[PDB]
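In: here goes the first bit of my complex:
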Amino acid sequence: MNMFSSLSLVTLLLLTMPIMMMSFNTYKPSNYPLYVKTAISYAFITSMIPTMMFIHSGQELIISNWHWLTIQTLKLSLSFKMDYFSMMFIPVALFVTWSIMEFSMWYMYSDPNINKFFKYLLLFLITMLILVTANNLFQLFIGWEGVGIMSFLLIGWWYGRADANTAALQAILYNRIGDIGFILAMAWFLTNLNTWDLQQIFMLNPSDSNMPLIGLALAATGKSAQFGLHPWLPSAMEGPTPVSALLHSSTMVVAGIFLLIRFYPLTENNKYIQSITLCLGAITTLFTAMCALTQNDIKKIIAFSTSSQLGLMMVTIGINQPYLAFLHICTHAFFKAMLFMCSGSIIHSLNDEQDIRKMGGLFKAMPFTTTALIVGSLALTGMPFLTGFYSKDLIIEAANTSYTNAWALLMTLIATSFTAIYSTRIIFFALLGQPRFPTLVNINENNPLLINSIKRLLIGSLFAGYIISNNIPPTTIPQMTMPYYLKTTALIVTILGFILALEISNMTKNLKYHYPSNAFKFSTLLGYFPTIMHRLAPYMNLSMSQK
Amino acid sequence: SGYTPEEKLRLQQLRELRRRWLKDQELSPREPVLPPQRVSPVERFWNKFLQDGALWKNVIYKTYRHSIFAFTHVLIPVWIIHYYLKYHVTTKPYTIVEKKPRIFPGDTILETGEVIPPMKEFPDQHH
Amino acid sequence: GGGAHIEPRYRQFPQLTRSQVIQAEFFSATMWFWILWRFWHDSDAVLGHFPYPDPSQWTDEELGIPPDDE
Amino acid sequence: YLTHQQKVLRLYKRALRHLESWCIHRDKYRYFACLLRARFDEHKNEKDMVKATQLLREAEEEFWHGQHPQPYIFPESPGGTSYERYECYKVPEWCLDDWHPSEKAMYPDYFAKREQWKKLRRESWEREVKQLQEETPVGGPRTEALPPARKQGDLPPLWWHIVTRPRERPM
Amino acid sequence: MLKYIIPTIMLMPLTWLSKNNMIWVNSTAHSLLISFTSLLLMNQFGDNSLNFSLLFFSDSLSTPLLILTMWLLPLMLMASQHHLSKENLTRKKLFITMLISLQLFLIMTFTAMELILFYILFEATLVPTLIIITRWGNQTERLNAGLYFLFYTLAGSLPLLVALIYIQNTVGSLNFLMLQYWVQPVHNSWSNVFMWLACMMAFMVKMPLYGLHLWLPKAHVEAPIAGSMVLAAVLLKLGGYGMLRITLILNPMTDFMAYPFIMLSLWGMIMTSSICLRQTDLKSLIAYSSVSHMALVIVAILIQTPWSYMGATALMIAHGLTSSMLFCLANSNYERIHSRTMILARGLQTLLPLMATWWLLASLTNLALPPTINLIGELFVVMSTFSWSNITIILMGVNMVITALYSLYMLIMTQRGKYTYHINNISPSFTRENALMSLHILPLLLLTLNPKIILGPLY
Amino acid sequence: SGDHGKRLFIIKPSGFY
Amino acid sequence: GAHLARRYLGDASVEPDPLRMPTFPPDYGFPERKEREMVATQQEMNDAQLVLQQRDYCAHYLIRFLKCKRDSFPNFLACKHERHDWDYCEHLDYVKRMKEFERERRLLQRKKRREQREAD
């Protein structure tokens, strides 16, 4: 207890100190980025010590050190919860951020506000550990809206650009629409129960909880960019690539799922919501993946890869497998961070070019980046015994062999196939074929920082899933008996996806003209949801205002 | 057709100006002129001691910095948090509530030396 | 800051370092080493762990379906 | 305006780029590019201006349903990824007039040269004012062009901002 | 209270008798000291208010509004001395006198123990307020908007007088403490309905309620910075404080006589928050923000629940510091570009780095980022109106979504983009301007560490 | 970093105040 | 499930109801039935704090597993042998559920034929 409670809070206080030394003191400017990187370096190791204790004996804590406010029969404390989800997630988030803080030292070396950038990266991390460790809903909101702001400030890092400012406001608008659901849950629990604490919520277990769960689900629809509120996640790639890796693909976007994983005790009983979360996830994984095929910018493709996966997490929530979705979040962070970091090497070497059409022939010019770009891409699709396999495979097994919506079961598998098609398109266009980038060649990735950062997460994309899956305590009755085809449905569609993809790539070589198909145009333009909705709604609200 | 004779001239006249101005933007070897800034012997110590460097010599310097970090940014913070948690947070009801440990069949209790009864005999499946 | 130890090349394949290539092989090959060992030592996960029975082949003796007349 | 001569030419560049996006690979683009060139040279000799226009009417209409939904855009060009990216770093030069004298001591030589440049602008302005007045056609200039200097040691009218505009990549 | 009234009076002899060049230093340094001794008003007890005399008391609802009032005077002197540097000394001293006179009436207004004494001091405030806004007001544009007073007096201040006088003849006293123990139910009746409107319309206009709000944007455009700081920070709160006190003697009629007004406020939040988006003038955008925020306070007061009353008190204090901070930031630009158009100057973060930080904090608290007291107030109002009727979460939710849009749209337009090329007079921020913002946002953020003091007497 | 000289005056607003 | 086509596309009364099953008393064709036996006592499962959904007949193996792992720390490959036992025990448990399904399926067809021929 002594060690568990003390070191659970050194991590949170260890991250803040770099923030504190910015406001006061003057011991070391100029070397701030490395000072920050070490804080996360140490905060990770200190965060492992409690994790080992949790594995050994399943020890779990609640720490409510400070009494802040007592609104009559409602007492608000600074309560941290160091349980199954907090203990596993924090080292994963710190480990991923560790490399990114090192990949940013290289990707953002010239930019003169490098110190300011590292201050915002750290201030996000602080508002994310607050979100995950929070024990009461009000403290959850500080993290919920804390990340929402830090997205605005980082997405619009280059504030001269007019698209950056538009993309930042778009991030706020969709999240705050989702945060209507969060307050609705907050109001319901106080009105019908009597606390924002999670402990009392689970103890009472309301039987009729349709309204609060719709509100909670609505928060996940906006925060994690599900269908209906998804356009912001693609358009949020306007920020520096380290931002897109750390925030809008590795961690922050999971908080929408993380909110539903927190409330499994209630959602397990409520079938009516399970259908909605399943249906909500089913459409988003297909739609975004369907859009991913025809995209041409490497950041945009990997952006839709995040959304398609996130929908798979939402389906896992629906099929009543909350602990798998948590595993998918942790395994997903490693290889999706590596993808973005690798795409950062290509973009930085080709002089700020994101279009894959102008990339190619890098398979030999950038060995290290190419190796990781393969390792990461294989994890996503479902290569056996890679980090992605331990999570995605089970999710497909549990979806196939469970009482579920037929269409939702089918869409998941179709989207899993599509996950194979655009896993190759990054490889085929960016790694294979003759070069297509401008003449002057400056492709150079021989830097220790970019390499060490990529090397570390490369190991995670291999062995992290195996270690995590073995150590974590059993929590459900896994299904290991099923028809052979359902058992290997995941692998077959992944294999069938590759075959169709490679054939499509080869057809691109053949000297035959291009023919426009409505299915093709719908894919490339994102279904016209961004175009119609970002034009009709802004026009109506702004125009109605004068009347 | 390209630039009329005046246009060709105007671009030429400005072009020369633009190139000179940009040339003026360069800095002199002495610049930027700075006040010296103080150097405490803590700075002086490594300035010359590591001038030659080499792997075995500077590994001490790398371990030095981490030691200064560890003591100030890990050891001292955990004394404060431990002093705070042990003598202020745990001295109030229910501040730190820990899930009771898992007690399995055939375990020994530290408090009472109790021994939990063993489980029934399994149906002796083939295993 | 090694003074751009890599030198740019024009319309030509870039200069690479030996160390860069070695590490790329080590990890890319290591991926295959890991993947292979896992099939070998734990092939069941990909191919199943237990035999799925066929419901129809069961007898009414075990299913205890009484005779049509009974 | 731009006259039928230019208007058609622009279509050529715009149509080519979209093709280049569609075909992706260089080889297919080159071959399909030559075919495109043929269609252009075919009617290049049409001497009927009335007919020439009609070719453009259908030509553009054909293009409208050939355009790649996402055409490649140069990163630092309007609509591109890096467009306006560095405008935050571009600080206009006049801000240096507000620097504290202690700061300006850090860069003596540059600021010394700046005084020279400022003196050049002030003296040239009165001369520059006249040159536009005399050349100006009464009733307001009809075009936005400007006249180059017509004497030795005279700078072209309105030269301060074009000369001293912030660099492309200041930081 | 005399410990505060007297030293505030002695600021007038201080201003007049000071060295000509040391009026600002004396008045600011001694108006700051008065505020320091105003932290003694937090000697609050759980059961009983802090009653000093037969005339003045101080409970938890007036203590923050008093501390906010006396905190603002030294701020209003720092804000105004720059644009009063031109004008002669005797005119300079009168301006400071009007501000000292306003504080003296406001400290007596929030603490008045009898409602007529409150009413008289409630209207006496307008005398200094109108002189400041019309004599030193930047606008000589000629409005003819006195009809808004003719509407106010005829429809507001006069009925409040006849009703307050009527009530004393019936209840026998207007001492607030006595009304707590002698109040009787207000039976339904066409005569009582008119008593209810008489006792509330005067305060609804000052809030202002939707439909009666059009005077506020016009007043903010005319007023100098000092006029807007006091107007947004405090004078709007006199209506809120008035309604919290006077709803004691209006029950149970408030149950059914508050439906028409809540529908104005709930729907008013959306209408004004949307109008903010299309505004072209900063001071009008900030002025319409106040109407959107005060619309919550009107709803909170009228649903009369223990949570709503805590919500309204936090919003009133939190809104006061935030909005006056925004008015000052808008004035800092106007003191440069010399225009109130928002679009004129853009990308100002390139030329004024630190000032862009203040804009960011001011915007964050306006859009209500947790855990600021701006959200502690708003959340409580949202929680209680949910019980009043679950549907209100729809209107409350939409207002949160729009509020973030003009909050940041104001940030994006003025602080982001490409700087206007031709504007070359953006001199570096003065220490006066940075100290002025820090004195709005350091207290506002520190209140989150100890939020109980601002949560009112229902805490 | 990779070249000598070529250090160009960086135009920034006054940071002294 | 190929069987699904039988229910929705095919005749309904023949195929079992996944929700309302079972629809026959246990012994209607099973003279002498042996009650399922729970090895682990209620107190033990409660003391182990096993997740409720994991408090099924196969618990006793699962309890043994966790006990091994807690002892086998920091080795996390130690307790493979126990893992299989519980996993297989579920596999047998799952099979019994499959038998429950078919037993329903056979009876439903048997009922159909009997009443049809009599109705003829």
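Out: Here it is on my side, so go on. Numbering: from 1, shown residues only, chains lettered A, B, ... in the order given.

In: and chain D, which of its residues are near chain A?
Out: Proximity of chain D to chain A, by C-beta under 8 Å from any C-beta of the partner chain, involves residues D:21-28, D:31-32, D:65-66, D:68-70, D:72, D:75-76, D:81-90, D:171. All C-beta spots, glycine's among them, are computed from the backbone N, C-alpha and C.

In: for chain C, what's the longest helix?
Out: Assignment by DSSP state H gives helix C:18-41 as the longest helix of chain C.

In: could you identify the helix or strand that succeeds that one?
Out: helix C:44-47 (DSSP states H and E).

In: next one: that following helix to chain centre, how far?
Out: Taking C-alpha atoms, centre = their mean, to the nearest Å, one finds helix C:44-47 lying 10 Å from the centre of the chain it belongs to.

In: and what of stretch A:511-530?
Out: 27 Å.

In: any idea how far apart the tips of it sit?
Out: Using C-alpha to C-alpha, to the nearest Å, the end-to-end distance of stretch A:511-530 comes out at 33 Å.

In: that stretch vs chain D: in contact?
Out: Yes - counting by C-beta under 8 Å from any C-beta, chain D is contacted by stretch A:511-530 at A:511, A:513, A:514, A:516, A:520, A:521, A:524, A:525.

In: could I get those residues as JSON lines with distance to chain C, neighbour count and secondary structure?
Out: Shown next, in JSON lines, are the residues of stretch A:511-530 next to chain D (distance: C-beta to the nearest C-beta, whole Å; neighbours: other C-beta atoms under 10 Å in any protein chain shown; DSSP: H, G, I helix; E, B strand; the rest coil):
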{"residue": "A:511", "distance to chain C": "24", "neighbour count": "10", "secondary structure": "coil"}
{"residue": "A:513", "distance to chain C": "29", "neighbour count": "11", "secondary structure": "coil"}
{"residue": "A:514", "distance to chain C": "28", "neighbour count": "17", "secondary structure": "coil"}
{"residue": "A:516", "distance to chain C": "34", "neighbour count": "14", "secondary structure": "coil"}
{"residue": "A:520", "distance to chain C": "34", "neighbour count": "14", "secondary structure": "helix"}
{"residue": "A:521", "distance to chain C": "36", "neighbour count": "13", "secondary structure": "helix"}
{"residue": "A:524", "distance to chain C": "32", "neighbour count": "16", "secondary structure": "helix"}
{"residue": "A:525", "distance to chain C": "36", "neighbour count": "15", "secondary structure": "coil"}
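
In: one more, chain H:
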Amino acid sequence: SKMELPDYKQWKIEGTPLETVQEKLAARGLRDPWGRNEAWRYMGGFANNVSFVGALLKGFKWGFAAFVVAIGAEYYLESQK
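Out: Placed with the earlier chains, chain H looks like this:
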């Protein structure tokens, strides 16, 4: 610096699929002037690029070697008990 450009005569479409483009352009009767400009992309070391399968199997040769030896160690080490 100098940044010497390689001799412009080196780049010839012959020996590359660009040459094949010219052939098909000959059938129509047209000639591509820009072919020589694209030559560098198809020559000089960029010519040989593995296929999708080849990259996927990058390092397999070392991977299998380590694997086969690996099972031997467990086989042998287990053989020694």
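
In: please enumerate the strands of the chain.
Out: No chain in the question, so chain A it is. According to DSSP state E, chain A carries its strands in the segments A:61-70, A:75-82, A:440-441.

In: hmm, no, I was thinking of chain E.
Out: Secondary structure of chain E, counting by DSSP E: strands at E:50-51, E:57-58.

In: partners of the last one in the sheet?
Out: When pairing is defined by DSSP bridges, strand E:57-58 lines up against strand E:50-51 (antiparallel).

In: residues in contact with the residue in chain F that chain G sits nearest to?
Out: Chain F approaches chain G most closely through residue F:1 (45.3 Å), counting by C-beta to the nearest C-beta. By C-beta atoms under 8 Å, 6 or more residues apart in numbering or on different chains, the residues touching residue F:1 are residue C:1.

In: SS state for it?
Out: At residue F:1 the chain is in coil, as set by DSSP: H, G, I helix; E, B strand; the rest coil.

In: what about it, distance to residue E:64?
Out: 56 Å (C-beta to C-beta, to the nearest Å).

In: buried set for stretch A:348-355?
Out: Applying a neighbour-count criterion of 16 or more other C-beta atoms under 10 Å in any protein chain shown, the buried positions in stretch A:348-355 are A:348, A:349, A:350, A:353, A:354, A:355.

In: nope, stretch E:151-169 is what I meant
Out: E:152, E:153, E:155, E:156, E:157, E:159, E:160, E:161, E:163, E:164, E:167.

In: now these in JSON lines, with distance to chain H?
Out: Shown next, in JSON lines, are these (distance: C-beta to the nearest C-beta, whole Å):
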{"residue": "E:152", "distance to chain H": "79"}
{"residue": "E:153", "distance to chain H": "83"}
{"residue": "E:155", "distance to chain H": "80"}
{"residue": "E:156", "distance to chain H": "80"}
{"residue": "E:157", "distance to chain H": "83"}
{"residue": "E:159", "distance to chain H": "84"}
{"residue": "E:160", "distance to chain H": "83"}
{"residue": "E:161", "distance to chain H": "88"}
{"residue": "E:163", "distance to chain H": "86"}
{"residue": "E:164", "distance to chain H": "87"}
{"residue": "E:167", "distance to chain H": "88"}
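
In: mind putting those into TSV with distance to residue E:252?
Out: Below are those laid out as TSV (distance: C-beta to C-beta, whole Å):
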residue	distance to residue E:252
E:152	28
E:153	30
E:155	25
E:156	24
E:157	26
E:159	21
E:160	21
E:161	25
E:163	18
E:164	20
E:167	17
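
In: sequence below should go in as chain I:
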Amino acid sequence: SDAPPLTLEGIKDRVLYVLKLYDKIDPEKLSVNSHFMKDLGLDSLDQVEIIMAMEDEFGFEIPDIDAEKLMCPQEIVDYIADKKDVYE
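Out: Chain I goes in next, on the same frame as the chains above:
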């Protein structure tokens, strides 16, 4: 961004380098002041294709309006220097 420095001499070489590889033109006739319409005698169409090639050499679009006004190699070189602020 490592170091992609550009200097007038280097730019001049690259622009000519691209020009030489255009088959319609001859290597030896080409020179810095070779008006495309006259000294090398090329259609206006061919003038477009030269521009599109130059964009790819340096990877930055030349606006349509300003492309027309370019008609000789020496014009192109100085245009690049202007956009990319090449001074020495």
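
In: could you re-examine the contacts of residue F:1 with chain I now present?
Out: Remark: with contacts taken as C-beta under 8 Å, 6+ apart, residue F:1 is in contact with C:1, I:3.

In: how close does the residue nearest in space to the middle of chain G get to residue D:132?
Out: Centroid-nearest residue in chain G: residue G:97, 3.4 Å away (criterion: C-alpha atoms, centre = their mean). Using C-beta to C-beta, residue G:97 is found at 94 Å from residue D:132.

In: which single residue in chain F comes nearest to chain D?
Out: Closest to chain D within chain F is residue F:16: 4.0 Å, counting by C-beta to the nearest C-beta.

In: got the phi/psi numbers for that residue?
Out: With angles defined as degrees, to the nearest 10, residue F:16 sits at phi -70, psi -50.

In: does it touch residue D:103 like I think?
Out: Yes - assessed by C-beta atoms under 8 Å, residue F:16 is found in contact with residue D:103 at 5.4 Å.

In: compare the two (neighbour count), which wins?
Out: Ranked by neighbour count (other C-beta atoms under 10 Å in any protein chain shown), residue F:16 and residue D:103 place residue D:103 first, with 16 against 12.

In: contacts only, for the more buried one.
Out: Per C-beta under 8 Å, 6+ apart, neighbours of residue D:103: F:14, F:15, F:16.

In: now chain C against chain D: closest residue?
Out: Here the residue of chain C nearest chain D is residue C:11; by C-beta to the nearest C-beta that distance is 13.2 Å.

In: does that residue touch residue H:40 like I think?
Out: Yes - look at residue C:11 against residue H:40 with C-beta under 8 Å: they come within range, at 3.9 Å.

In: ok, now which ones touch the residue nearest to the spatial centre of chain C?
Out: Nearest to the geometric centre of chain C sits residue C:35, at 5.1 Å (C-alpha atoms, centre = their mean). Residue C:35 makes contact with A:383, A:384, A:385, A:386, H:63 under the criterion C-beta under 8 Å, 6+ apart.

In: residues near the nearest residue to the second one once chain neighbours are set aside, how many?
Out: Distance criterion C-beta to C-beta, 6 or more residues apart in numbering or on different chains; nearest residue to residue A:384, sequence neighbours excluded, is residue C:46 at 5.2 Å. By the other C-beta under 10 Å criterion, the neighbourhood of residue C:46 contains 16 residues.

In: quick one, what contacts residue C:46?
Out: So residue C:46 contacts A:384, A:488, A:491, C:39 (C-beta under 8 Å, 6+ apart).
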